[PDB]
Amino acid sequence: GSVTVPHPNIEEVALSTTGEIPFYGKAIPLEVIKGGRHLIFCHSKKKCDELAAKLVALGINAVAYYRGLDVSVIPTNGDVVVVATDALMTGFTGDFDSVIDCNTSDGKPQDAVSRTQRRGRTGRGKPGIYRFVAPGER
């Protein structure tokens, strides 16, 4: 079927029930988004609002970017984690320590290029890391 391009520069990880920020059946350990800058990919705008504001309460500076959103994400305040869907349109991304994604759009499993395009975020200068909720389909 579709063959996504490889990319060993990024380490792949499997989200698990470990952390304080509850996610799609997984618990994101702040160690993946706290301690620096991270980009979280979400499939729902309502969650981007709580997920980002919630991080501010956890101790992380988080922002949500989606259709109809205001420029708020700022990579110049210590440690900021950007949680957005396909609205950031990269441009200045790439410099992230890791990318936490749900690997499923609209509740359905993403498509081959989705991770190909989404994975391209961590690994600009060093080995990026990618943590996803679901591994794939079967």
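Cut-offs and rules
- Residues numbered from 1 in each chain as written, not as in the entry; some residues may be left out.
- Heavy atoms only, no water.
- Pairing = 2+ DSSP bridges.
- Helix = DSSP H or I, 4+ residues; strand = E, 2+ residues; numbered from the N terminus.
- Axes fitted to C-alpha atoms, helices over the stretch in contact; angles between N-to-C directions.
- Contact = heavy atoms within 4.5 Å.
- Core = buried A, V, L, I, M, F, W, Y, C linked by side-chain atoms within 4.5 Å.
- Buried < 20%, exposed > 50% of the residue type's maximum accessible area, 1.4 Å probe, protein only.

Structure determination for the deposited model, as stated in its record, used solution NMR.

The chain has the name helicase NS3 in the PDB entry, where Hepatitis C virus is given as its organism.

Colleague: What is the right way to read the sheet that holds strand β7 (residues 98-101) from this model?
Modeller: The strands making up a sheet are joined through hydrogen bonds of the backbone, oriented either antiparallel or parallel. With respect to topology, six strands assemble into an open sheet ordered β1-β10-β7-β4-β6-β5, the strand pairing being parallel. Both outer strands of the open sheet, β1 (10-14) and β5 (61-65), are each paired with one neighbouring strand and no more. Sheet twist, expressed as the average angle between the axes of neighbouring strands with direction ignored, equals 20°. The sheet contact formed by strand β4 (residues 38-41) and strand β6 (residues 80-84) spans four bridges and is parallel. Within β6, the position partnered with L39 by the bridge is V82. Docked against the sheet, helix α1 (residues 45-58) engages β4, β5 and β6, running at close to 170° with respect to β5.

Colleague: Even after reading the chapter, I still don't get the nonpolar core, so can you show me in this structure?
Modeller: In a soluble, globular protein the nonpolar side chains are often hidden away together inside. If you look at the biggest cluster of nonpolar residues, it comprises 23 residues, and the most contacted ones within it are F23, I28, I33, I40, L55 and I100. Elements supplying a minimum of two residues to this core: α1, β5 and β6. In terms of residue count, the dominant contributor to this core is α1 (four residues). When sequence neighbours within four positions are dropped, the list of residues in contact with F23 reads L15, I28, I40, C42, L51, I100, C102 and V133. One finds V73, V82, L88 and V99 within the second-largest nonpolar core, a separate group that totals 13 residues.

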